[PDB]
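Starting off, we have a lone chain in the form deposited in one PDB entry, written out as structure tokens.
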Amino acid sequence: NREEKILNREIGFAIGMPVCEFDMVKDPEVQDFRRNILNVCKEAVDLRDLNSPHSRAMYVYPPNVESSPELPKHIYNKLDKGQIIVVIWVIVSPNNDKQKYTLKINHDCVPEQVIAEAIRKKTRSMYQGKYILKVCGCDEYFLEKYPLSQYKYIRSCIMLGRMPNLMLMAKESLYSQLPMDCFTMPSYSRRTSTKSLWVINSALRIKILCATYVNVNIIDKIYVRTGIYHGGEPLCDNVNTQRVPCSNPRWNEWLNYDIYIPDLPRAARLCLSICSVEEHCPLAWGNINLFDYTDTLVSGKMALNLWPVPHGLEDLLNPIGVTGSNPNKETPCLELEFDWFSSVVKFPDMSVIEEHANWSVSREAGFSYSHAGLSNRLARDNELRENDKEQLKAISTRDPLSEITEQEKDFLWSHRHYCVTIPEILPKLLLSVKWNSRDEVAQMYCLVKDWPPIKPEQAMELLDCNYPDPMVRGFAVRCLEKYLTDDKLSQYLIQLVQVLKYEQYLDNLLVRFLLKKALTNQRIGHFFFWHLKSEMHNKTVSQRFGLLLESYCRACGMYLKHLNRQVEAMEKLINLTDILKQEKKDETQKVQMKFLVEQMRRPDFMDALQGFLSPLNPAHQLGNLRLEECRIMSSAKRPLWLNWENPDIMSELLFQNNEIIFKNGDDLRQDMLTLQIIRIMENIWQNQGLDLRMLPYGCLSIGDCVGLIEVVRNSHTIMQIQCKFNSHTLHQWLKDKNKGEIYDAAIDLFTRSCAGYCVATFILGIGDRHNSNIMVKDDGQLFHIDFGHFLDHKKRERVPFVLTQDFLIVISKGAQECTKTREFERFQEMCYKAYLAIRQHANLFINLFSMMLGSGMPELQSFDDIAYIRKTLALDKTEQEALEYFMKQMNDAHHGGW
């Protein structure tokens, strides 16, 4: 109990709320989550102590590897006859004298071969499984037998033409530094009739009693609008109450819905709102699951605390809004009464559903020609023609925002068994289902049950707000379990954490998958913790994420202690920036910096801000602060530029100073998503042998409009260049930074990076570019900063990155008529190739954005905001028509040239 009390305080500090607040929650679902989720905690700990110390080392330092060992042609061609020059460092003499041994080995060498070759070279100057390779400068290790080139550091070194520097370290020097953490089960581990839904022979009705806390400006006549939803799909007509004055919100009225109680799908929800009156307007909204976590249909009296309308939603109901009561009890509260059946009504078991499904398939197989003719949703087996099979393949290639007509819905459903042969059609088939028909849904269940597995990126769509059904989401998660690699889990983690908000219940298959992975991979565990923590201010998800964080913190081990260092450092930084903006905002930079340095140097603050792991990359150790290098930036929201020593023995070989931008006041979530997408686009380009180097720098939101930005070394804004002006000033600067034989490499890098950002910003519809948000590296690498805006952030498509004379001059190597040059023609060709490459992967990009609708991002609120990408990628047009469209967008913007 003394250890439990201390641990509870550590978790309380990490989550930012006391654990006891959970213990007080009366809700049985909350207490069942807390207890039942501990098996995932147990399993994860069991896997970590399966092959100790190695399995523990693998958890803390997982291999940072690529998804595939195969190297793209242009990347393999960068190697000398398939071989790589590698530097291996050995610390041998006292006072840590560093010895280097240059090796030329095959790119696909296992670390054990790399170590033996180093020992051979060390011996040539005068066991193999008693050492490990570590990346010089950071806590990155090569613990698993992967081809060398598969580790991201090595692949990055080949792609950039940099020398890989690895340090030989004794296994026991790492192992002894890994503490044993025994996971202890918490105190809380130790805890009429019943009829099936398909037996209740009655129509659906819900009684609306009255409303409390309806404080409005005497707004006049008010009513409650209700609807039965399955995701966003209405299951019946919307039913409103009689109009009443806001001075007395009383209805005591039964609302009858056009839906049979046995027809109710598992994910059925009641969507309601208090509206005012004809200019109708919602005032407060709220959603309810018609079945609880135990599969029980709602019965009796219930009070629902409503939510405020979001600036932009003109619609009277909010089905894609959060489901459940408002944690704030000083809000419009609507009392509702549910139907009584003199027994507990439960959703039928899978065996009842399977029996009913097989009864229907059998009944349908016996249907005569004329019977099949009564419904377009009923087709015959032998009547399936090749043209129909062709139409099916065509429908399957359409994007997730392509409208499926009622005719195609009936078509896909009648050919559902053929659909199994083309399994990627599953999301379209699911939207074709009559979710308000138990016969159809029961049959869909059995098809999902045995559905062929699909690509993890295709399965992710099935986890968004369009697919609420648990059988469907279970299938999506099973595909992620079988085919999602840790690399790709890390890449899409923000979306996967987002879609948790769409789960009906706290205890679900997705959360179990995500938690097991977070507790079996510390690299995943780290970002899992921060994505959840950053949203703990948001009362729409703070209970779910709080309980999720509590389970993670109980089983993560020693990393909780390290996370508490990062949390405390972030809090001290939030504290300082908050004082500067409320108590020192009007003072001079000199005065503000004087205050900063004095507050930072306080021993309590000084220690909290030194000797912790970078939340941007936990493999990066933040040593002592370099205060002389710390400063308040002139930028909006006055961000802090912070510098730390890299305590790593071989810091000089990576970077001797870790520079991070701490910014308080701006929502860094859109930037995080844009940067994530930029990286995905780059990966797509590289795989197709199209070397357009992007700079997706690190960015992490750590709270409500608080975050970290990775500083890019040796970079300057376009304005910073020209301020030392002619159009030749930038090209003059580049020529000055890359004199002689290396000048062409810089022009090539600029052109390539420039083509990437032209295409990326045009597709995504990023905020207008200017000399202060376009940056350039000494070597010529062009990149964009400040991704605060994207998509339709105006009210018809924009070109955010318009190439001025400055950019065209660099591309054309200093020519006057830069538009009419071969260099510019090769530049245009890179844009065309890049644009069409992304167009080919549009479903992915649409899916990545759709999974982000749950998030409170102001530019990504509806599917129509995502529609912007359908327009920029010209998906309704042909490929040549799309190329023609892009050229017109470029030609109009640049007033010619394209």
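Throughout, rigid core stands for the largest set of C-alpha atoms superposing within 1.5 Å between the two forms. Quick note: we count residues from 1 along the sequence shown, nothing fancier.
Although it is not shown, the form deposited in another entry is what the next lines describe.
Only one of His371, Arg162, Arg120, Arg713 has its Cα shifted by 2 Å or more between this form and the one not shown after fitting on the core, and that residue is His371. After superposing the rigid core, the Cα of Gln83 is displaced by less than 2 Å between this form and the one not shown. The two forms, fitted on the rigid core, differ between this form and the one not shown by 2 Å or more at the CA of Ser362.
In that other deposited form, the Cα-Cα separation between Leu430 and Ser368 shrinks by 3 Å or more relative to the displayed conformation. The distance between the CA atoms of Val441 and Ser368 is at least 3 Å shorter in that other deposited form than in the form shown here.
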